[PDB]
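Here are the chains, one letter per residue:
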Amino acid sequence: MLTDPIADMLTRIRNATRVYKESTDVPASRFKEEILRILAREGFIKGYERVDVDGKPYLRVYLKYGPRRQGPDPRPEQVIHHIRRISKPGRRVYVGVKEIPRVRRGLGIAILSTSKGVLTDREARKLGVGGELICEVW
Amino acid sequence: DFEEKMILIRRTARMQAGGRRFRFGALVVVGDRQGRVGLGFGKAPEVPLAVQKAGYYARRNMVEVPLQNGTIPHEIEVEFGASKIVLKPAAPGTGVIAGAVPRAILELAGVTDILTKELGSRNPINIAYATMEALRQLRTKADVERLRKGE
Amino acid sequence: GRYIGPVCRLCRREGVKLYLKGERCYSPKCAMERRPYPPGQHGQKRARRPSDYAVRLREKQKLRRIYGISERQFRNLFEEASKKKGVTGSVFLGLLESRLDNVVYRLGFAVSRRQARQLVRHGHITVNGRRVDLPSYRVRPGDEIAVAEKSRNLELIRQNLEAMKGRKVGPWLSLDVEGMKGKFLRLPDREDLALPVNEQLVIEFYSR
Amino acid sequence: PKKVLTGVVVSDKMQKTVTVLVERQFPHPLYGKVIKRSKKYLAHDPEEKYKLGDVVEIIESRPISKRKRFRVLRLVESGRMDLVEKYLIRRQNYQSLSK
Amino acid sequence: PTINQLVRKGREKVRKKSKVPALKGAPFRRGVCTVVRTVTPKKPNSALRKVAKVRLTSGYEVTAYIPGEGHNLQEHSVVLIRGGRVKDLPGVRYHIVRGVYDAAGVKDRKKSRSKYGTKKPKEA
RNA sequence: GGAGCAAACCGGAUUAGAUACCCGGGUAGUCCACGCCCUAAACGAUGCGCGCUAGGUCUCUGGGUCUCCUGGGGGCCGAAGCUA
RNA sequence: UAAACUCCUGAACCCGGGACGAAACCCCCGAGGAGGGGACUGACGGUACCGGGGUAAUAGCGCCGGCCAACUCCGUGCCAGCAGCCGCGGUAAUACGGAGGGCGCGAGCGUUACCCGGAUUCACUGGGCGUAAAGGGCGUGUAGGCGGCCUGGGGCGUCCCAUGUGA
Ligand SMILES: [Mg+2]
Ligand SMILES: [Mg+2]
Ligand SMILES: [Mg+2]
Ligand SMILES: [Mg+2]
Ligand SMILES: [Mg+2]
Ligand SMILES: [Mg+2]
Ligand SMILES: [Mg+2]
Ligand SMILES: [Mg+2]
Ligand SMILES: [Mg+2]
Ligand SMILES: [Mg+2]
Ligand SMILES: [Mg+2]
Ligand SMILES: [Mg+2]
Ligand SMILES: [Mg+2]
Ligand SMILES: [Mg+2]
Ligand SMILES: [Mg+2]
Ligand SMILES: [Mg+2]
Ligand SMILES: [Mg+2]
Ligand SMILES: [Mg+2]
Ligand SMILES: [Mg+2]
Ligand SMILES: [Mg+2]
Ligand SMILES: [Mg+2]
Ligand SMILES: [Mg+2]
Ligand SMILES: [Mg+2]
Ligand SMILES: [Mg+2]
Ligand SMILES: [Mg+2]
Ligand SMILES: [Mg+2]
Ligand SMILES: [Mg+2]
Ligand SMILES: [Mg+2]
Ligand SMILES: [Mg+2]
Ligand SMILES: [Mg+2]
Ligand SMILES: [Mg+2]
Ligand SMILES: [Mg+2]
Ligand SMILES: [Mg+2]
Ligand SMILES: [Mg+2]
Ligand SMILES: [Mg+2]
Ligand SMILES: [Mg+2]
Ligand SMILES: [Mg+2]
Ligand SMILES: [Mg+2]
Ligand SMILES: [Mg+2]
Ligand SMILES: [Mg+2]
Ligand SMILES: [Mg+2]
Ligand SMILES: [Mg+2]
Ligand SMILES: [Mg+2]
Ligand SMILES: [Mg+2]
Ligand SMILES: [Mg+2]
Ligand SMILES: [Mg+2]
Ligand SMILES: [Mg+2]
Ligand SMILES: [Mg+2]
Ligand SMILES: [Mg+2]
Ligand SMILES: [Mg+2]
Ligand SMILES: [Mg+2]
Ligand SMILES: [Mg+2]
Ligand SMILES: [Mg+2]
Ligand SMILES: [Mg+2]
Ligand SMILES: [Mg+2]
Ligand SMILES: [Mg+2]
Ligand SMILES: [Mg+2]
Ligand SMILES: [Mg+2]
Ligand SMILES: [Mg+2]
Ligand SMILES: [Mg+2]
Ligand SMILES: [Mg+2]
Ligand SMILES: [Mg+2]
Ligand SMILES: [Mg+2]
Ligand SMILES: [Mg+2]
Ligand SMILES: [Mg+2]
Ligand SMILES: [Mg+2]
Ligand SMILES: [Mg+2]
Ligand SMILES: [Mg+2]
Ligand SMILES: [Mg+2]
Ligand SMILES: [Mg+2]
Ligand SMILES: [Mg+2]
Ligand SMILES: [Mg+2]
Ligand SMILES: [Mg+2]
Ligand SMILES: [Mg+2]
Ligand SMILES: [Mg+2]
Ligand SMILES: [Mg+2]
Ligand SMILES: [Mg+2]
Ligand SMILES: [Mg+2]
Ligand SMILES: [Mg+2]
Ligand SMILES: [Mg+2]
Ligand SMILES: [Zn+2]
């Protein structure tokens with residue numbers, strides 16, 4: 001029955017990126033679209049769209065990657081250096097406006113569910129609202 | 001012709017019928033005191049010789065360090081299996097606060113303001129490798145938008 | 001108070017020429033010019049590379065001994081700097097220079113810093129009119145560091161002022177050699193100063 | 001103002017009185033997780049119109065008896081025996097812990 | 001553990017026992033000597049240490065080490081207990097203060113008089 | 001209930017000694033019925049569930065027009081990754 | 001450069017002067033009100049402070065093997081002693097005791113006691129459990145905890161502004 005669809009989703013990306021996949025699927029859901037919506041707004045994924053799987057709604061998340069690399073073991077750069085859920089189903093994390101974290105000194109992003117939508121760290125701060133800290137990315 | 005300064009020199013040994021023969025090891029670090037820095041570990045049957053070797057290995061290895069008026073660009077948690085080390089940018093006039101090891105490294109990296117600390121293990125050798133692979137992971141604002149650009 | 005003990009002695013331990021004295025330190029004999037090695041039965045022996053501690057220590061001791069001031073007060077100011085904003089390192093030095101008995105030295109009224117403490121203490125000096133005898137006293141910007149009336153025609157006061165003719169000194173300072181008085185124009189930028197001490201190491205030491 | 005609590009009846013076995021269970025939830029003072037505790041209050045009900053399992057509202061009121069400083073306000077819903085179960089089941093378990 | 005487990009069980013608070021039952025917080029405790037005798041050191045050493053059992057005012061009864069060279073403690077000398085064990089001697093968890101009460105200071109000592117209760121001499 | 005085996009126990013040998021290893025003999029026990037005990041290197045020394053992340057090889061078992069595709073087990077080598 | 005020696009200043013000490021802290025209640029004009037004017041009262045204290053004269057005028061304590069800044073000589077010989085740990089001392093001790101020298105801090109310097117830190121060594125931030133300490137011998141299931149996709153009503157949590165409180 002799973003638990004947090006979001007957690008496994010971010011996991012799909014993490015698992016896929018480490019092996020350098022073209023893209024991967026994930027059951028369809030309003031919230032996941034929002035995640036990828038912001039995940040593309042700040043540019044971490046090439047994009048996405050509702051794809052089918054034997055009558056089952058999924059979402060193709062076309063991954064993004066860095067340039068090839070010289071030296072021993074030509075490992076491509078990762079566009080997603082790190083991604084991890086914060087407000088878990090076990091512990092609900094809710095933060096006020098003047099509490100929102102700064103992901104690796106601005107270089108990062110903190111997706112969080114606002115009482116007025118879904119916003120990034122800077123974007124939520126700008127609108128002047130707080131909400132459930134979903135996760136961060138950098 | 002960068003600046004050079006060793007970290008430590010131990011005296012490991014081997015057992016073998018009749019007696020125990022030794023082999024000294026020496027950790028050394030190199031840097032121009034501005035972005036250009038490299039670390040090297042050299043083993044050799046003698047003290048000054050082992051340093052001499054470390055010299056070549058140190059100048060061999062090297063890593064670009066995105067500075068910032070003397071400070072680093074951002075914090076990083078780097079776990080080298082056993083050991084773990086975290087850096088964090090500091091406002092000018094702070095200082096290089098760290099362990100004996102990561103001090104020399106960042107000092108020859110032209111750094112003058114940084115918050116750090118060692119966790120888990122503290123093996124000087126392992127701590128070294130951790131700091132190096134840490135700086136190697138640093139990313140300037142440019143480097144980020146460069147990879148995120150992909151246009 | 002200050003260690004009355006041998007002072008041309010310390011010049012040797014630090015390994016740097018130190019003008020704790022006045023005329024003699026400038027002559028071919030700050031003590032170090034004849035014996036560039038540290039004191040002790042030893043000193044004339046091959047030293048060893050100091051620990052990160054020893055270095056951070058021998059650097060602080062330099063700066064403290066220079067102003068010849070109590071470790072307590074010293075540490076108190078270092079903290080005083082950390083209290084306020086701005087670059088802690090330079091600002092620490094800035095407050096050391098803002099010290100009264102110090103300005104009297106940097107204003108030429110005295111050949112030595114320890115001598116500067118003497119005059120100030122004995123009230124020979126004055127500020128805006130009051131005979132401040134506290135070698136402490138943080139001199140605010142824009143103040144008349146004049147000389148007291150009775151002290152104007154002093155033998156040791158003249159020899160100093162006479163030799164202090166012309167000679168540019170303290171960019172952050174002014175000096176009316178005629179009326180025997182000066183002014184604390186502004187807080188001395190780190191660039192304006194120049195001491196054998198690296199402040200960055202002194203901060204690191206008080207980081208412990 | 002006079003505090004008010006939504007809670008369910010769980011003991012109508014008294015004269016002109018009824019026991020109400022009220023659950024509150026809040027973040028752990030350290031672990032932040034949302035924990036759920038509760039307390040039982042005795043409410044004055046001179047009409048006795050409020051029977052068992054009735055989710056009702058209560059109000060901080062004049063001291064009626066030793067351990068009873070509240071009064072009923074109004075019903076919210078009748079059928080709620082499932083909740084009274086959770087309470088009664090908890091009780092049954094206590095019997096099977098001692099010696 | 002899970003957050004829940006913490007919520008329920010919680011983290012066990014660390015608690016340490018005092019290595020020295022001298023008092024309830026007293027820096028020193030007065031006590032009269034009873035036995036006074038030299039005892040042999042432990043494993044790596046041997047040097048017949050000057051120790052002494054001391055029945056405390058606190059009804060207790062403990063052994064304490066006498067530092068420095070020689071002393072003057074007999075079967076009724078009062079004295080102070082400083083408290084500081086001695087790895088070389090078993091059961092001894094207290095030191096004895098020199099220069100206080102019937103505990104005379106060390107004679108002829110020059111360096112570090114404070115620790116051994118010797119008033120500073122006068123060379124002249 | 002009791003063939004064989006076998007702690008304890010008896011004897012032979014070995015040994016300085018030999019309550020033991022080896023040999024001869026032998027009891028409870030092992031077996032069944034009901035009842036109790038509830039421990040173990042009760043070991044994969046790896047809690048249960050769900051989702052992800054290259055393959056290669058042989059083996060048990062099931063469905064399909066079938067030099068192989070597909071689902072469930074049991075093994076060995078090994079991507080990335082983890083790891084003292 | 002330390003002293004010796006030359007020069008200069010001059011704490012202490014002596015002479016004289018000398019408070020602020022006090023302005024009311026209390027007396028008149030008016031009206032015992034408002035508004036203006038008038039007079040007592042200082043324990044501290046002849047102290048603070050101001051001016052005049054004026055003598056070079058107490059330094060101590062910890063430490064110096066590693067951590068940890070600071071090295072050599074002599075006595076000692078697992079003895080005498082040291083110690084916070086690792087350890088030191090059984091003729092050549094920078095580890096004991098004395099000396100010289102040095103380091104640290106100075107009217108203080110050391111010791112003992114307790115507290116927080118280092119200790120991410122109770123770990124929320126921030127730990128673990130194949131062999132290092134650690135998976136229950138295995139199940140079944142009660143409380144509790146956790147829960148898939150879409151639309152809608154309330155708005156308990158959560159977020160936001162205002163306001164009172166937060167002396
Ligand atoms: Mg699209
Ligand atoms: Mg051999
Ligand atoms: Mg690890
Ligand atoms: Mg530079
Ligand atoms: Mg260690
Ligand atoms: Mg890099
Ligand atoms: Mg870079
Ligand atoms: Mg580009
Ligand atoms: Mg001294
Ligand atoms: Mg010398
Ligand atoms: Mg500051
Ligand atoms: Mg300059
Ligand atoms: Mg009733
Ligand atoms: Mg309760
Ligand atoms: Mg009653
Ligand atoms: Mg009643
Ligand atoms: Mg009803
Ligand atoms: Mg006796
Ligand atoms: Mg005697
Ligand atoms: Mg004396
Ligand atoms: Mg029978
Ligand atoms: Mg035999
Ligand atoms: Mg026999
Ligand atoms: Mg037998
Ligand atoms: Mg048989
Ligand atoms: Mg039996
Ligand atoms: Mg059976
Ligand atoms: Mg059984
Ligand atoms: Mg097995
Ligand atoms: Mg077990
Ligand atoms: Mg379990
Ligand atoms: Mg796959
Ligand atoms: Mg295949
Ligand atoms: Mg095949
Ligand atoms: Mg299939
Ligand atoms: Mg098959
Ligand atoms: Mg299979
Ligand atoms: Mg490969
Ligand atoms: Mg590999
Ligand atoms: Mg890891
Ligand atoms: Mg390996
Ligand atoms: Mg002199
Ligand atoms: Mg003199
Ligand atoms: Mg003299
Ligand atoms: Mg008078
Ligand atoms: Mg007068
Ligand atoms: Mg007068
Ligand atoms: Mg008078
Ligand atoms: Mg008068
Ligand atoms: Mg008055
Ligand atoms: Mg009147
Ligand atoms: Mg009248
Ligand atoms: Mg009146
Ligand atoms: Mg009248
Ligand atoms: Mg009146
Ligand atoms: Mg009046
Ligand atoms: Mg008079
Ligand atoms: Mg005078
Ligand atoms: Mg004198
Ligand atoms: Mg003199
Ligand atoms: Mg040293
Ligand atoms: Mg002897
Ligand atoms: Mg100690
Ligand atoms: Mg020896
Ligand atoms: Mg010695
Ligand atoms: Mg020592
Ligand atoms: Mg502690
Ligand atoms: Mg620390
Ligand atoms: Mg803690
Ligand atoms: Mg512990
Ligand atoms: Mg098991
Ligand atoms: Mg169970
Ligand atoms: Mg349940
Ligand atoms: Mg849900
Ligand atoms: Mg709704
Ligand atoms: Mg609400
Ligand atoms: Mg609320
Ligand atoms: Mg407010
Ligand atoms: Mg207020
Ligand atoms: Mg209050
Ligand atoms: Zn000099």
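Definitions and limits used
Here, residue numbers run from 1 along each chain following its sequence as written; these need not agree with the numbering used in the entry, and residues that have no coordinates do not appear. In the order they appear in the text, chains get letters beginning with A and ligands get numbers beginning with 1. For these chains, which sit within a larger assembly, all listed values pertain solely to the part presented. Computation of side-chain values covers all heavy atoms of the structure but excludes hydrogens and water. Whether two residues are in contact is decided by their heavy atoms: any pair within 4.5 Å suffices. What counts as buried area is the accessible surface, traced by a 1.4 Å probe, that two parts surrender upon association, with contributions from both included. What counts as a salt bridge is simple: a side-chain nitrogen of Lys or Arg found within 4 Å of a carboxyl oxygen of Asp or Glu. The term polar contact refers here to a pair of N or O atoms within 3.5 Å; inside protein, the definition further demands a hydrogen-donor-capable atom paired with an acceptor-capable atom, and it admits residues adjacent in sequence only when both atoms are side-chain atoms. Note on residue classes: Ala, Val, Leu, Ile, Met, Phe, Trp, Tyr, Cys and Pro are nonpolar, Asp, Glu, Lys and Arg are charged, and everything else, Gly too, is polar. Proximity is defined per residue: any heavy atom of the residue falling within 4 Å of a molecule or strand makes that residue near it. Using only the protein atoms, space was sampled on a 1 Å grid; points where a 1.4 Å probe fits but cannot get out form cavities, open sets with protein on both sides within 12 Å along at least five of seven lines form pockets, and lining residues are those with an atom within 4 Å of a point. Grid points are joined across faces, edges and corners, and a volume is the space filled by probe spheres set on the points. Where helices and strands are cited, they refer to DSSP runs of H or I of at least four residues and of E of at least two residues respectively, numbered from the N terminus. Note that the domain bounds were set by an automatic or database domain assignment.

Once that is clear, we can look at the interface of chain A and chain B. Taken together, the contact pairs 12 residues of chain A with 11 residues of chain B. Carbon and sulfur atoms make up 54% of the area that chain A and chain B hide from each other, which totals about 1100 Å². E77(A) is the salt-bridge partner of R139(B), the closest N and O atoms lying 3.1 Å from each other. Summed over the shared surface of chain A and chain B, the number is 2 residue pairs in polar contact. Class assignment for the residues of the side of chain A that touches chain B results in 4 nonpolar, 2 polar and 6 charged.

Next up on the list: the protein's contact with RNA strand F. Inspection of the region around RNA strand F gives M1(A), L2(A), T11(A), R12(A), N15(A), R18(A), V19(A), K21(A), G81(B) and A82(B) as its neighbouring residues. Residue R18(A) places a main-chain N or O atom 3.5 Å away from a sugar or linking oxygen belonging to RNA strand F. Within the backbone of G81(B), a nitrogen or oxygen atom sits 3.2 Å from a phosphate oxygen of RNA strand F. Partitioning the surface near RNA strand F into residue classes produces 4 nonpolar, 3 polar and 3 charged.

Counting across every chain of the model gives 6 cavities of 30 Å³ or more. In this structure, the largest cavity occupies an estimated 200 Å³ of space. Those elements giving two or more residues to the lining of the largest cavity turn out to be α3 (52-67), α6 (100-106) and α7 (113-121) of chain C. Residue composition of the lining of the largest cavity, by class: 6 nonpolar, 3 polar and 6 charged. Lining the second largest cavity, in full, are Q78(A), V79(A), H81(A), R104(A), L107(A), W138(A), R139(B), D143(B), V144(B), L147(B) and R148(B).

What follows deals with the domain arrangement of chain C. All names here are of chain C. Partitioning chain C into domains gives domain 1 (1-96 + 194-208) and domain 2 (97-193). Tallying the contact residues gives 26 residues for domain 1 and 16 residues for domain 2. Summed over both partners, the interface of domain 1 with domain 2 buries about 1700 Å², with 42% contributed by carbon and sulfur atoms. Of all residues in domain 1, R2, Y67 and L95 give up the largest surface area on contact with domain 2, accounting jointly for 24% of the area buried on that side. The interface formed by domain 1 and domain 2 contains 2 salt bridges. Notably, a salt bridge pairs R190 with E199, separated by 3.3 Å at the nearest N-O pair. The interface formed by domain 1 and domain 2 holds 11 residue pairs in polar contact in total.

Before going further, it helps to spend a moment on the protein's contact with RNA strand G. Every one of the 99 residues lining RNA strand G counts as a neighbour, but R72(C), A47(E), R82(E), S112(E) and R113(E) are closest to it. Per the 4 Å cut-off to the protein, sugar and phosphate atoms form 79% of the nearby atoms of RNA strand G. Interatomic distance of 2.7 Å between a backbone N/O atom of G130(A) and a sugar or linking oxygen of RNA strand G. Between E71(C) and RNA strand G, the recorded distance is 3.1 Å, taken from a backbone N or O atom to a phosphate oxygen. Counting residues per element, the surface near RNA strand G draws most heavily on α3(C), which supplies 8 residues. Its residues assigned to classes, the surface near RNA strand G comprises 34 nonpolar, 28 polar and 37 charged.

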